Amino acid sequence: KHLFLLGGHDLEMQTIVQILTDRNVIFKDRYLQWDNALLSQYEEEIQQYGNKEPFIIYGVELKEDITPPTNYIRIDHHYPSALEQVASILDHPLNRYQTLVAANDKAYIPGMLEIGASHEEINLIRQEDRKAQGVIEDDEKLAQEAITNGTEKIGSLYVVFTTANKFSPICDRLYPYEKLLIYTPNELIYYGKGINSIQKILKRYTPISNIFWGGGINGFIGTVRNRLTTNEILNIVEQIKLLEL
């Protein structure tokens, strides 16, 4: 008797829920999100089924903050994706939509281009991932108005002013880009090349406790919402634009 505990919600997890549902496999979805994708949320299930023989508990991208039981199998990324692993466990053959979900999860748009995604499949997967991540229609429409009316190109840098709360509707519509700076009155995020030079600027204005970053070709660096004043953000924006001279 297999039991799945699900973690952070994205297109993959939403595609996993659908496969589990169509294979009649029991799962508990606590509508979790990356900020709280912890094995601790499921202690009630861990204490009912854990170490009991007949049950195998699969954890799907669950952070193991408490000690897992003996009948726990971890499903995460390191190499197959959680969707592929779950699909091998269930011997479910992935359809085209599902192979594109897996590719998008592993490698964003380049991963879909490598499997031969048409332009309208990429848009559809991108749109469906943004919905599954909680982007509301308003941010989509604010991204279109920001791109159309508040986007200003300087050197290789895209600079976008917006009142949106989520920025993926902007990123996905401006891709491919080399440098992208998105700012609101309350936060800014920088995407693309040169994150370390942007790092010097941000530290001149805030502790590193309020800065978040990720490396690589899809690298980014930004400030946590409302941790900088609007005046400080406006000043930081100018200094980033002076890096293009």
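One rule holds for the numbers: they count along the sequence shown, beginning at 1.
*Asks:* Can you count the deposited residues that have no coordinates between residue 119 and residue 120 and report it as none, 1 to 3, 4 to 9, or 10 or more?
*Replies:* Count of unmodelled residues in between: none.
*Asks:* Please compare 149 to 157 with 135 to 143 and say which has the higher mean C-alpha temperature factor in the record.
*Replies:* Higher mean C-alpha B-factor: 149 to 157.
*Asks:* Using the B-factors recorded in the PDB entry, average over the C-alpha atoms of 98 to 106 and of 67 to 75, then report which stretch comes out higher.
*Replies:* Comparing averages over the C-alpha atoms only gives 67 to 75.
*Asks:* Out of 215, 207, 176, 192, which shows the largest CA B-factor listed in the entry?
*Replies:* The listed residue with the largest C-alpha B-factor is 207.
*Asks:* Which has the highest CA B-factor per the PDB entry: 188, 180, 26, 38?
*Replies:* That would be 38.
*Asks:* C-alpha B factor of residue 172, ranked within the chain: lowest, middle or highest third?
*Replies:* Within its chain, residue 172 is a lowest-third residue by C-alpha B-factor, going by the deposited values.
*Asks:* Name the third of the chain's ranked CA B-factors that contains residue 81, choosing lowest, middle or highest.
*Replies:* Its C-alpha B-factor belongs to the highest third of this chain's values.
*Asks:* Consider only the C-alpha atoms of the modelled residues in this chain, order them by B-factor as the entry records it, and name the third containing residue 184: lowest, middle or highest.
*Replies:* For residue 184, whose C-alpha B-factor we compare with every modelled residue in the chain, the answer is the lowest third.
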